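Coordinate inspection notes
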Amino acid sequence: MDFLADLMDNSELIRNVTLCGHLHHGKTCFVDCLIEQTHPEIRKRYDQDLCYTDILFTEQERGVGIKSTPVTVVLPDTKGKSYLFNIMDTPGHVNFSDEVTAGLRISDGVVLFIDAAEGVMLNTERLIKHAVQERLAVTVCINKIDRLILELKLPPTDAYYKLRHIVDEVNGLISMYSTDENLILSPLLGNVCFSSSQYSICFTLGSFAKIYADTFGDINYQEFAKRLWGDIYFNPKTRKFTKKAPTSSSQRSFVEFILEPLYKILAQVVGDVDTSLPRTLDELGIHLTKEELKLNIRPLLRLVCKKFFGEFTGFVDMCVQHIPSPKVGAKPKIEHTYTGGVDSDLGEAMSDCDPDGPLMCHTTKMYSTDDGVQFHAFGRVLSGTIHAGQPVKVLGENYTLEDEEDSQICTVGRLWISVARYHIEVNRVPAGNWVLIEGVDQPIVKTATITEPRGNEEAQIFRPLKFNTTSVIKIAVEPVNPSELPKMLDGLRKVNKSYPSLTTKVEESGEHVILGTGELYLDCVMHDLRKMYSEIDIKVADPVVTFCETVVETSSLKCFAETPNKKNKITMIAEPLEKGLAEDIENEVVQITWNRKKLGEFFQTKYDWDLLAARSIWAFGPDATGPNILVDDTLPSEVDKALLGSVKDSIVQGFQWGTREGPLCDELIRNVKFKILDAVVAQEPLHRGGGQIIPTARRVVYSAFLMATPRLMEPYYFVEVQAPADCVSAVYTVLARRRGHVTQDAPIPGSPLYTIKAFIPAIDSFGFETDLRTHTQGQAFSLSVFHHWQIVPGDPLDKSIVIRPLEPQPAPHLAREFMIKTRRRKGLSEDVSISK
Amino acid sequence: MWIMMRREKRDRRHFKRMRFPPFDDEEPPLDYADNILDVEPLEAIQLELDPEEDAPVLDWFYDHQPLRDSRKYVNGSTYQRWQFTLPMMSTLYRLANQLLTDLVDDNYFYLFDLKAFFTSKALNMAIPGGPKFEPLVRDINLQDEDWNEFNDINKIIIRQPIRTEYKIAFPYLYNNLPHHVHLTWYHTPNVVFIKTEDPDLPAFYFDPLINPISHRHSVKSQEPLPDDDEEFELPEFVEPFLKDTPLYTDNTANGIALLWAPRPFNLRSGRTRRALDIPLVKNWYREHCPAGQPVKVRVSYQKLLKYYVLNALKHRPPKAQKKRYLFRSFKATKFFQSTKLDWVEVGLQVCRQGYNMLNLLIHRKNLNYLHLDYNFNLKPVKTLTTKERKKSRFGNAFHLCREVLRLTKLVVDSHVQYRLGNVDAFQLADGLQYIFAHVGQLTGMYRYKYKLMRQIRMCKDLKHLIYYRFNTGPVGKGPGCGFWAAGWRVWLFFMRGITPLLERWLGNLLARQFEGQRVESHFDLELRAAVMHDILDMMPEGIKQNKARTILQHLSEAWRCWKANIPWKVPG
Amino acid sequence: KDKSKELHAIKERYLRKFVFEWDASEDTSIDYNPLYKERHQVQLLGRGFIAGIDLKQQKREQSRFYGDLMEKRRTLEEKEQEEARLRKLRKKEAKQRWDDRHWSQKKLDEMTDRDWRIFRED
RNA sequence: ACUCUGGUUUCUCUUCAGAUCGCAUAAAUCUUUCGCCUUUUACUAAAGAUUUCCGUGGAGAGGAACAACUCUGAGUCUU
Ligand SMILES: O=P(O)(O)O[C@H]1[C@@H](OP(=O)(O)O)[C@@H](OP(=O)(O)O)[C@@H](OP(=O)(O)O)[C@@H](OP(=O)(O)O)[C@H]1OP(=O)(O)O
């Protein structure tokens, strides 16, 4: 037990991994198998999956993992070397992408999981991109190999064909996301593992070569581990592996020396269990008693495969030599994560992960207790050492060097490293490891840079947790009895803490609004809000979708705005951006930190913008990645550049906030270009203050937007469904009912299931996940995630459109129906006026 | 039995439903010694088994207790914890394909799980295929929630209506006040299983139901690979682990297809269940819906599911006991003996015993104007004068006992008709199903305990379920169904329910000694009695005890004075 | 008529006698929309059939979609055994169709004791 | 490949029962809430709390049958 702490002290025998993968792909069962390997007293039930890491009750009843769970375990390697493994088995549901990112910032390794009978799915398509964008080594473990044999009953050659088709599709798809050309995955190289979690089967080519070497002996398992995967074969007469076929009915090496023995052993334990089973266990050295042979087929298969393969050494040596150690992976993690990068003193102090250096651990999760009162933070100690009772300094997400007010000095109460259900109390946690810090819940929402007090003077914070999806769905929350409203404020704060992309908000009409990704996500968060944190009654409005406001054409007149003093006068024009330019802003392709020359060349080549304005672009919409843009287009002779540069900041401040709110209603402004045609600034810095410019800035922005023909943009969810070919029409009929349209219907190779990829309006996608399965009697299944935004049909600003109370309106009325009710939901005026 | 009873209903153009009662009246049940013992029984309903396939079960399939003697398969005569080989189990599974839906996963039960039904009950909402329930809490005022600024219509966008199944799938998002609600989203990865149909085929075959992989080599996506005779050599000893053993045996396809069999047929071994506790058509009304069936069987499906969900919800763990068996104490007693006997003899014996009991109960007060016939019908020997009519009346318990005796007498007489060659085995089964599906019509027991209507309706619902599944294709409509075990068990659960009630009422009735607006009467008399008891108790035992009425009058006067709000102060 | 029914449902949401036969008012399968009025019956890969219903009745009643899919994918080299097994089935249940025959076209010599009882019962 | 190893079945008695005792499912009583409401006996149909009933698992004890054919782990596991 103390060897756990001894290995904990070292920083090179430690791996930080995430077993990220699609929904229901065996990740939780894989961790359960690892636990069953380590802990002997923990034995899985004969039929019910134990689901060890599924510790909260809601995922124990719904059957889907919801929140990532830390697992700290010592795993022997193929050669028997112990390694300390930090496992963050992220939930697989695409609506739960919050926890994938939350566990991916604090990990250096990505262990993908792909169902052998399902192939690459929607989820994985985004996790490979995300992990590459976060600069982690990516490794694939095709799980549920049993499906190719006990369910599909494929010939072993076709099983290998399926395996290579799903292996190279990962390589082919990842080549778009990965700039480097060292990221080619192949089991012969050691990137790819093969496993069946239910039957505990797990191997890399090296491990299986180790089994053969163990049996026959005098075998070098490395050379034989190579020359297994591929189109090469084996010659029984010359005992050499050849590219060409040694016989007419030849067979690939992998199939011949790995897949075929698996087929035979599991067929012997599911067929002729009574006649030819002892014969095939004598030939394999697996000795069993009478009472362990009287079990059912599934437990017998799991036991026999545990005896044959043994411990999960294949996963261990797959992980060890193909993901960097924290001492090695710290440099890319820091240069992508720390705001100042490696260049700063603290940045250079991170490249080596010194256990005695400065402590600026990073926490990215909130694992509540069983009473829900206090929140135990979870984070990685990127460097330094932490102790129980140590007086520590917790930073925030708005904390900077200039803004020293966003921090708190706290006392680390206790420290313990956690493995799912049970936690191990430790007085000291060294660098490069994980920990649940206690007593730091008060000054944190979501991420935090918990660092030393009065010891890290110039230390900055870590970058905000950037996600892959966007919080789209929006639900109103109120107490049943307003006499217990404060009881619900703290519950909303708690759920905001325990959900990385949850966005609580109070609006002008005294409305509490919760933002989420999908139906199941909001179901889980409100179940937590009701039965866990607030233990009161809560009324919910039916889900509504956040909208966006855009333009399609230039304004008829150059509408302007002046300060109340009638001295400053700013004239601006709102026009749409080039198709695809908005995406090239949100993807961090271009930034405001760029120098002028690079952005000028970018807009001169890719978007053919004139250099007279390409070097006169101030801001990029709201926040930093906002899709809108502010453009300076005043001729220098009429607007003094020296005089302009004073309000150059305030105009942006009134613009970065001007586009955030939106004149039509309190919704984001997207895909709009603002050209300034005239500036009349006060010649003295006295009357041109921010309190006068900023209202004028927002007013001129709103006036230009309104005078330009405005439109609403609704977010479309990208829905994939997997159904047998008899139910493809049953998906077309459902998707046609909700204004959707199908993009592709591709059968999955090596499986009768299909994959129908379509788009569906988010406001029109409520219940579709149930409207499909019930219509197809549960055979079909859908997953949804936000893809893009589209102009809502119709003109949002027509007064001839009448909104009936309780029946859907046609497409042309939608743009009018959506905002007005939204306006009514916002508490604003019924219509829009040019004064706004 | 299901696969053949559908054939004789298709073979016999007309069918003769056995008479009911199958026996005449005023005639005692036939003696077992003279008639039943000698007559050779007719052939029973049995399927000829194909020795080419059904051989593993050919030797013993239609025995009384199959494999009772075989120590290899069963533990012994206690007949528990059977062990069955895979060929045996596969043969049984193939033979039971008519009573087994071919569902591999449970994704077909998306919103027809019992957890979803618990949710629907706790929400006072009904799945279209699901049952209706009374509200858990009336909350009529909570139903009449006022038009607030929260639930205001003009603030709500309606695109697609929030259907009940939406509020059931996500009972914490689409609705309010979700008390005693359960969750289920068990979208198990839909198992992609393709059961073989070819008797001759490789077990691991690439059947066309699988979309081809379509392997390609267009782009030179090469990987580290060796050349011929490149720094490697294999030992002569080393080989693939299993070379001698074939890739697939004959029992491989059956074994793999046995993985995804229903619950009973995925066990290599397991404990033994009773004949009562095996619901054969349980997985029939649990199905999603009947495919375009009339209303009188759709409502039957909802009414079966309603009772199923009610039993599932109201289930409680059994209470810890001390295991006092009843017949074992009888065997201990000197008054009883054990003997192997034919069942029909036992029925003819018990009918006479119950008839004698009821005649004794009738002639308990020596009233000769009530007579019980041999069909358990209580009739007057002469037109009843009103005094004698009222003088000879029995409570609901006696009538219930008489009617259940009539039911068992009907069953026994039907079996006797079978043994006497009066009816066929098919006729016997159809008659038994009619008895167990029309107990109300044949016996007026519901007039003596109203709750029986449930069972009555239950059985009728079961009929509808089996019939619509029985009268399918070329079978047609007629009295040719003998699948009685579906409704036969229900009256046995009714029997275990009513056994102690009758065993207590008869005990009270048939014994040497017979035994047979209350809160305002509670605290007046008891309190005053306690006060007087204490006062007289501590009052000295002399002649002064003549003053008890004085104390009672003082108590009454004080109570009156408090009631009259008048000062009460006795000086002495 | 679906539109009026669904709008009406929206308005609904947001605003002694020993009888044995049940009532038709307890029926719940009534639906105002097609996607639940007419649910896509599970073809179950065509090789799986509902328990109670007869097998070949389902086979001929089946949508045949997987039948034509197999006709498309199956190659000639592995159609011979399909045709052979199909014809062998047709022959072996033709055995039952002819050997087990109604007495209306069974002669006296063909007619057996079971068929004799069938005729006498008729 | 040497050893000691050593029964399962069956019928009872006595307790403990966590667990789907039971991959099944009845009845009664009581307290609330409805429905009916004309009084008991039947009910109504949900809730809660009880009890009996048909069964069950485990442990132990006592007999009987295969009690003596075996058999299992242990071992130094002896060319
Ligand atoms: O009169 P219907 O409602 O159309 O149904 C009848 C009725 O049975 P149910 O009324 O109970 O459904 C018949 O006689 P009873 O049952 O009323 O005495 C008989 O049913 P039995 O076979 O049980 O006598 C018959 O069935 P079949 O056509 O199979 O003879 C059929 O019932 P189904 O409508 O369920 O077929």
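- As summarised from the PDB record, the model derives from cryo-EM at a stated resolution of 3.7 Å.

**Digging into a nonpolar patch on the surface**
- On the surface, a cluster of nonpolar side chains totalling about 600 Å² of accessible area is made up of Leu 326, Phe 327, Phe 330, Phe 335 and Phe 336 of chain B.
- Following the sequence through the fold, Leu 326 of chain B ends up in helix α11 (residues 326-332).

**Things to note about the packing of aromatic side chains**
- One pass over the full model with this rule turns up 73 aromatic pairs over all chains.
- Relative to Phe 470 of chain B, the ring of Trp 2 of chain B has its centre 4.8 Å away and its plane inclined at 75 degrees; by these criteria the two rings are edge-to-face. Of this pair, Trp 2 of chain B sits in helix α1 (residues 2-11) while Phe 470 of chain B sits in helix α17 (residues 452-470), and the two are 468 residues apart along the sequence. For the pair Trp 2 of chain B and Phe 470 of chain B, a shared accessibility class is recorded, and that class is buried.
- Look at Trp 60 of chain B and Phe 84 of chain B: their rings are 6.2 Å apart centre to centre, the planes differ by 45 degrees, and that puts the pair in the tilted class. Of this pair, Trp 60 of chain B sits in the loop between α3 (55-58) and β1 (82-83) while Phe 84 of chain B sits in the loop between β1 and α4 (86-95), placing them 24 residues apart in sequence.
- Of the residues examined, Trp 60 of chain B reaches a relative accessible area of 11% and is grouped as buried.
- Taking relative accessible area as the criterion, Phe 84 of chain B reaches 15% and is therefore assigned buried.
- The ring centre of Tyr 199 of chain A lies 6.0 Å from the NZ or CZ of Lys 144 of chain A, which sits over that ring.

**A few points about the environment of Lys 107 of chain C**
- Among the structural elements, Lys 107 of chain C can be located in the loop between α5 (80-99) and α6 (113-121).
- Residue classification places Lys 107 of chain C among the partly exposed positions, given a relative accessible area of 48%.

**A look at the packing of helix α10 (residues 295-313) of chain B against α17 of chain B**
Residue and element names in this part refer to chain B.
- At a minimum axis distance of 9 Å, the contact between α10 and α17 shows a crossing angle of 125 degrees. Classified by the angle their axes make, α10 and α17 are oblique. By crossing handedness, the relation of α10 to α17 is classed as left-handed. Touching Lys 296, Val 297, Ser 300, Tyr 301, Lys 303, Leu 304, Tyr 307 and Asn 311 of α10 are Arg 454, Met 458, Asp 461, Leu 462, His 464, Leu 465, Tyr 468 and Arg 469, all from α17.

**Description of the site of the ligand**
Residue and element names in this part refer to chain B.
- Around the ligand, the surrounding shell consists of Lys 296, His 438, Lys 463, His 464, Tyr 467, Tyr 468, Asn 471, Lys 477, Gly 478 and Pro 479.
- Coverage of the ligand by the protein amounts to 65% of the 600 Å² it exposes when considered alone.
- When residues of the shell around the ligand are assigned to their parent elements, the largest contribution, four residues, is made by α17.
- Of the residues that constitute the shell around the ligand, the class distribution is three nonpolar, four polar and three charged.

**Let's talk about the protein's contact with RNA strand D**
Residues and elements named next belong to chain B.
- Around RNA strand D, a shell composed of 51 residues is seen, among which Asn 311, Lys 319, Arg 324, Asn 396 and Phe 493 lie nearest.
- Taking the atoms of RNA strand D that fall within 4 Å of the protein, sugar and phosphate contribute 70% of them.
- Taking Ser 77, its main chain carries an N or O atom lying 2.6 Å from a phosphate oxygen of RNA strand D.
- One nitrogen or oxygen atom from the main chain of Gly 497 is found 3.2 Å from a sugar or linking oxygen belonging to RNA strand D.
- Of all the elements in the fold, those that place two or more residues in the surface near RNA strand D are α10, α11, α17 and α18 (485-509).
- Examining the composition of the surface near RNA strand D, we find that eight residues originate from one element, α18, more than from any other.
- Along the lines of polarity and charge, the residues of the surface near RNA strand D split into 15 nonpolar, 13 polar and 23 charged.

**Description of helix α26 (residues 811-826) of chain A**
All names here are of chain A.
- Look at α26: 23 Å from first C-alpha to last across 16 residues, which is about the 22 Å you get at 1.5 Å a residue.
- Here α26 lies mainly inside the structure; twelve of its 16 residues are buried.
- Those residues of α26 not exposed but buried are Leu 814, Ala 815, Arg 816, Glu 817, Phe 818, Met 819, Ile 820, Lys 821, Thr 822, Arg 823, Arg 825 and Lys 826.
- Tucked into the core, α26 has its buried residues touching β20 (473-479), β21 (505-507), β22 (511-516), β24 (544-545) and β31 (710-721).
- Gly 827, located one to two residues past α26, shows a positive phi value of around 80 degrees.

**Notes on a positive patch on the surface**
All names here are of chain C.
- A surface patch of positive charge is lined by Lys 56, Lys 59, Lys 88, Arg 90, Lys 92 and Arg 97.
- Contributing elements (two or more residues each) for the positive patch: α3 (55-61) and α5.
- In terms of residue count, the dominant contributor to the positive patch is α5 (four residues).
- On the secondary structure map, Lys 56 appears in helix α3.

**Digging into the UniProt feature "domain: tr-type G" in chain A**
- Per the UniProt record, "domain: tr-type G" is annotated on residues 12-294 of chain A.
- Across residues 12-294 of chain A, the secondary structure splits into 37% helix and 16% strand, with the terminal C-alpha atoms separated by 46 Å.

**Some words on the state of the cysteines**
All names here are of chain A.
- A complete count under the given rule lists zero disulfides over all chains for this structure.
- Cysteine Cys 29 shares no disulfide, and the gap to the nearest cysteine sulfur, in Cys 51, comes to 5.2 Å.
- You can see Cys 361 has no disulfide; the closest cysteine sulfur is in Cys 353, sitting 11 Å from it.

**Re the pairing of β20 of chain A**
Residue and element names in this part refer to chain A.
- β20 sits mainly inside the fold: six of its seven residues count as buried.
- In terms of strand pairing, β20 meets β22 through five bridges, oriented antiparallel. Residue pairing across strands places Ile 475 opposite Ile 514, the latter belonging to β22.
- Both β20 and strand β23 (residues 538-540) contribute to a ladder of three bridges, which runs antiparallel. Along β23, the bridge assignment pairs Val 477 with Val 540.

About the thresholds
- Residues numbered from 1 in each chain as written, not as in the entry; some residues may be left out.
- Chains lettered and ligands numbered in written order.
- Part of a larger assembly, values for the part shown.
- Heavy atoms only, no water.
- Patch = residues over 30% accessible without salt bridge, like charges linked within 9 Å, V, L, I, M, F, W, Y side chains within 5 Å.
- Areas by Shrake-Rupley, 256 points an atom, 1.4 Å probe, with all protein chains shown as cover.
- Salt bridge = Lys/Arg side-chain N within 4 Å of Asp/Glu carboxyl O.
- Helix = DSSP H or I, 4+ residues; strand = E, 2+ residues; numbered from the N terminus.
- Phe/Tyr/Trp six-rings, centres within 6.5 Å; stacked < 30°, edge-to-face > 60°.
- Buried < 20%, exposed > 50% of the residue type's maximum accessible area, 1.4 Å probe, protein only.
- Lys NZ or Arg CZ within 6 Å of the ring centre and 35° of its normal.
- Axes fitted to C-alpha atoms, helices over the stretch in contact; angles between N-to-C directions.
- Parallel < 35°, antiparallel > 145°, perpendicular 65-115°, else oblique.
- Left-handed = near helix turned anticlockwise from the far one by under 90°.
- Contact = heavy atoms within 4.5 Å.
- Near = heavy atom within 4 Å.
- Nonpolar A, V, L, I, M, F, W, Y, C, P; charged D, E, K, R; others polar.
- Polar contact = N/O pair within 3.5 Å; in protein donor to acceptor, adjacent residues only side chain to side chain.
- Expected span 1.5 Å × (residues − 1).
- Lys, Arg positive; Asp, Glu negative; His and termini not counted.
- Charge placed at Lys NZ, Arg CZ, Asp CG, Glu CD.
- UniProt positions renumbered as here; feature names shortened; annotations may be inferred.
- Disulfide = S-S within 2.5 Å.
- Pairing = 2+ DSSP bridges.

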